[PDB]
Amino acid sequence: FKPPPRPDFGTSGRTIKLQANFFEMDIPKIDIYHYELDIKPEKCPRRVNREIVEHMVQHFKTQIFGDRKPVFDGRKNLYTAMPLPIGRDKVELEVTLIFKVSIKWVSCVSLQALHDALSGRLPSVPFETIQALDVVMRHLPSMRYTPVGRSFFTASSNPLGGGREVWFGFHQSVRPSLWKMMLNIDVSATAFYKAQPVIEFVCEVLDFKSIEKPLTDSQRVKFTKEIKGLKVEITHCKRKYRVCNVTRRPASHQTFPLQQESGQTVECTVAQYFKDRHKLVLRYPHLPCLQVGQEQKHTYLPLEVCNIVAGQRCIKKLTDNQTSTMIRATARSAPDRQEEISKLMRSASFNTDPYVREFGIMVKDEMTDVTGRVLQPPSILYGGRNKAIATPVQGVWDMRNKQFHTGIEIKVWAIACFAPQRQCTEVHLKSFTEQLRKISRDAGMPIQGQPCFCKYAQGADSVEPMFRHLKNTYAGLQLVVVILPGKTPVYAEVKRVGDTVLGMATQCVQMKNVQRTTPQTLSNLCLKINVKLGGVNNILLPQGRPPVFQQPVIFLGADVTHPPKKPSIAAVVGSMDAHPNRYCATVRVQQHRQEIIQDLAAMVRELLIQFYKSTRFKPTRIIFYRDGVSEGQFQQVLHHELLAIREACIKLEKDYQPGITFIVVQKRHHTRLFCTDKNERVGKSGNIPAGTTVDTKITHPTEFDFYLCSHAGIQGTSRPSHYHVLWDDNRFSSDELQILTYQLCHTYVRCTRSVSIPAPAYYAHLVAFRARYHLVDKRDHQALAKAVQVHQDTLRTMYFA
RNA sequence: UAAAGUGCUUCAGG
């Protein structure tokens, strides 16, 4: 259950000078002293815990703390550069403007042991000491800013609408590497709720110009969904409350049981209560109240008395417009991002931070220099008369003068237009149809003739009936092209009845994309169609593939998507040929927010069986790309899931023991690489080139991991995918695994570009995403798992493309 | 829903 050591360093590829947003730390060899704090009352927000500790140090200089400057993680851990005049536990009081605070020695954090571990002598890096360093480095900014996870934010207006806005801050964390510790610094931007009166909040969320008329059920529900769980503060007295719900009734009629001077209790309206007790005549008695605290204490607050508390990060899903504006506002070219980080470093001034200097730490001002390697891309073999070989350039190629490897001929297909005939006319349909055939012929997926059926529809209630009709009627029906008028629930039903009921291949298309056609678009559309019908768009040039393909091998991609309770969705896909091109999908509904794939064993078993049925081979090796995992989970994830994979093999055959390689894929980190030489910048965004690989300098000191930017940066700064090998029975060299991983990024069939993660990992995402739409209704557990199960025929092919 | 990439993505009280 221990990750294997780095076997070697890669040598393949053209060298490339890079800078990473990792800054060398000079750490002393001294011993750090760790103390534990028990603060009563407990479960106070880390913020107030810090204020308490702050006043504690200021107040107890005379006796306890002296000249030194302690650091504090906000909870129970206090660290010092030199030992305190403590040898035992000590109890003390703190009055904020009363808290019981005790302090007891825990143990000495050894930085020398860390030095040694970084040189590679010790089997494990003392996580405790790294944590200690992290506490030192972020103690100051923790007092100066609003900490959110490992990031820090402050107030600049960058509105997104709907009561939300995007704040700019920075990420900070201490990381180990070979020889030395590193400080990772990056810009970050995330959504927050604007600090404002709740009355203004309802306006922005319900699209009112001015509050002004009670609320309709529709409005109340939308308002409830938005404010539920948010903190508010009262303006009629300052205390904060968390919103449990929004009353159905208006403040004028909403009541609560108040006990009179005599033991008798009477129902009193919120409005009347605020009139008598607070002398306040509610200006908006017709609006609902916020229910806070306990359901049992009946605490309701008028809207006009509440403000949305400042500093609350938005977690609920953003709208498409909000997401669009945020992406626009946050996109930075690589050169621009590098400069922003240099500014952050300058204003961070770590080398003048009294707490950093207190612990004798020093941080280098310049980014770490690292030599990357630009791996050669694989050739892409197409099929047809030409059998053309496409050579990716800058992570991109095209299909001009090329035809699908194994292109499917379409003799029977139907068009179902759910867009109003007014906008999408017969003229548009036959113009679109004509051009699609034309393009389909160029691509080698010949649409042999006109559609056998074409009708308009609406309501999303006409889907299954029409589909029942098409299947029973037209023999050998291959494809049903569906046309939608923008976002709509019909898409969900189309995929539900298509994938989950009748088992028919469907390809949706926006109304706007049939009105005005483009060769590229229609061409990209053919990529999905040919695949959905069982075709092979292309394959890696058979020769030039890594030696792993010398024996039957299966590639698995796994991911878990969590909703914004509703269950999480686990998806595992497996390759079904030697190219590898075709994948089968397994999917499961599981516990809300559970990271581990509960039913992995059974999912892997299903895939192994499908693989054997397809290839008549039993995999000698299983290559398992796992996306959506964190460092805090590598141990637990590897344990259950590695075992589950083994269990699948055993449950299949007593002595079937293929070599397993377990690789975690991570896009969600703050490692950024920049070209040192301007001439190596690609595109307007000036990013590193596709294929850029780094397995030195900023990587794990002992274990087997590497960064690989497999994709071309289009806009903003590229995120190099990180790959961590948690287990390897197959004893890959660094080069082979890195090349293999890069080539798998070229097998993704939705586009003729190298994508940012291996195809199987990507497909897993698509499968889980598709499951969402399948679960859309109109919760019996057995029914959820059932609304996610796919039709027999469809399971053989990549319906999720 | 042509596509990829880019930002995020847990203690008078009523």
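We name chains A, B, ... by the order of the sequence lines, and we start the count at 1 in each one. These numbers come from the heavy atoms of this one structure, side chains and all, not from hydrogens, waters or symmetry mates.
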Looking only at the aromatic ring of each residue, does the gap between the centers of A:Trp167 and A:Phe192 stay below 6.0 angstrom?
yes
- Query: Checking all strands, does A:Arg516 fall into the base, sugar-phosphate, or nothing category for heavy-atom contacts under 4.0 angstrom?
  - Reply: nothing
Counting only side-chain nitrogens and oxygens, does A:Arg719 get under 4.0 Å of the OP1 or OP2 atom of B:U6? no
### Query
When you check the phosphate oxygens OP1 and OP2 of B:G5, does a side-chain N or O of A:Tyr748 lie under 4.0 Å from one of them?
no
B:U10 OP1/OP2 closer than 4.0 Å to side-chain N/O of A:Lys316:
no
Side-chain contact check for A:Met326: nearest option of B:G14, B:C8, B:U1 is B:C8
A:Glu233/A:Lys231 ion pair, N-O < 4.0 Å: no
A:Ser188 versus A:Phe152: any side-chain heavy-atom pair under 4.5 Å? no
| said: Counting only side-chain nitrogens and oxygens, does A:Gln520 get under 4.0 Å of the OP1 or OP2 atom of B:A3? | reply: no
Rounded to the nearest 0.5 angstrom, the SG-CG distance for A:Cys424 and A:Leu429 is 4.5 Å
Using OP1 and OP2 only, check whether a side-chain N or O of A:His765 sits under 4.0 Å from B:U9.
no
Applied to residues 154-173 of chain A, the salt bridge (charged side-chain N to carboxylate O under 4.0 Å, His left out) test, sequence neighbours excluded, yields A:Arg164-A:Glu226
* **Side chain A:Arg313 and base B:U10 donor-acceptor under 3.5 Å** => no
**Prompt:** For A:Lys667, which contact category applies under a 4.0 Å heavy-atom criterion: base, sugar-phosphate, or nothing?
**Reply:** sugar-phosphate
Practice item. Give a yes/no on whether any side-chain N or O of A:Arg277 is located under 4.0 angstrom from OP1 or OP2 of B:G13. Key: yes
Hey, does A:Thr518 reach any base, or is it just sugar-phosphate, or nothing, if we go heavy atoms under 4.0 Å?
nothing
Q. What nucleic acid atoms does A:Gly486 come within less than 4.0 Å of, heavy atoms only: base, sugar-phosphate, or nothing?
A. base
If the cut-off is 4.0 Å, is A:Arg332 near the phosphate of B:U6, judged by side-chain N/O to OP1 or OP2? no
One should report the stems of RNA chain B, each a stretch of at least three consecutive Watson-Crick or G-U pairs at distances under 3.5 Å, as none
With the side chain defined as heavy atoms from C-beta on, A:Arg750 is closest, among B:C8, B:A3, B:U1, to B:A3
request  = Select base, sugar-phosphate, or nothing to describe what A:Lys240 touches, counting heavy atoms under 4.0 Å on all strands.
outcome  = nothing
ask   = Is it true that A:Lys667 and A:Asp627 have a side-chain N and a carboxylate O under 4.0 angstrom from each other?
value = no
Q) How would you label the contact of A:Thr488 with the nucleic acid (heavy atoms, under 4.0 Å): base, sugar-phosphate, or nothing? A) base
Considering every strand and a 4.0 Å limit on heavy-atom distances, what is the contact class for A:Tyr762: base, sugar-phosphate, or nothing?
sugar-phosphate
For this session: Select base, sugar-phosphate, or nothing to describe what A:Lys495 touches, counting heavy atoms under 4.0 Å on all strands.
Result: sugar-phosphate
*asked:* Check A:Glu340 with A:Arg332, please: is the shortest side-chain N to carboxylate O separation under 4.0 Å?
replied: yes
The side-chain hydrogen bond (donor to acceptor under 3.5 Å, both in side chains) partners of A:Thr255 (sequence neighbours excluded) come to A:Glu267
Atom CD of A:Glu295 and atom P of B:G14 are separated, to the nearest Å, by 19 Å
Ranking B:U1, B:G5, B:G7 by distance to the side chain of A:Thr330, first place goes to B:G7
Which of B:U1, B:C8, B:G14 is nearest the side chain of A:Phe274? It is B:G14
Walking RNA chain B from its 5' end, the first of A:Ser718 and A:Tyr773 to be reached, judged by nearest nucleotide, is A:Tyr773
* Looking only at side-chain N and O atoms, does A:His278 come under 4.0 Å of OP1 or OP2 in B:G14? -> yes
Does a side-chain N or O of A:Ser756 approach OP1 or OP2 of B:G5 to a distance below 4.0 Å, or not? yes
Among B:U1, B:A3, B:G14, the one nearest any side-chain atom of A:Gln510 is B:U1
(Q) Does A:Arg593 reach a base, just sugar-phosphate, or nothing at all? Heavy atoms under 4.0 Å. (A) base
Out of B:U1, B:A2, B:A4, minimum distance to the side chain of A:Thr521 belongs to B:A2
Review point. Relative to the ring of A:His774, is the ring of A:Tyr799 parallel (under 30°), tilted (30 to 60°) or perpendicular (over 60°)?
Key: parallel
Quiz item: Reckon A:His298 has a side-chain N or O less than 4.0 Å from the OP1 or OP2 of B:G13?
Solution: no
Would you say the side-chain atoms of A:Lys532 and A:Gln507 include a donor-acceptor pair closer than 3.5 Å? yes
With the side chain defined as heavy atoms from C-beta on, A:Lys528 is closest, among B:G13, B:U1, B:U10, to B:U1
* Would you classify A:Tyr241 as touching base, sugar-phosphate or nothing, given that sugar-phosphate means primed atoms plus P, OP1 and OP2, and contacts are heavy atoms under 4.0 Å? => sugar-phosphate
Of the candidates B:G5, B:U1, B:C8, the side chain of A:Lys487 sits closest to B:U1
Does A:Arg672 place a side-chain N or O at less than 4.0 Å from the phosphate oxygens OP1/OP2 of B:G7?
yes
Sugar-phosphate only, base, or nothing, as touched by A:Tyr300 at under 4.0 Å among non-hydrogen atoms: sugar-phosphate
Ranking B:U1, B:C8, B:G7 by distance to the side chain of A:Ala189, first place goes to B:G7
Checking B:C8, B:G5, B:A2 against the side chain of A:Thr190 (C-beta onward), the nearest is B:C8
task: Output yes when at least one side-chain N/O atom of A:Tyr273 is less than 4.0 Å from OP1 or OP2 of B:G13, else no.
output: yes
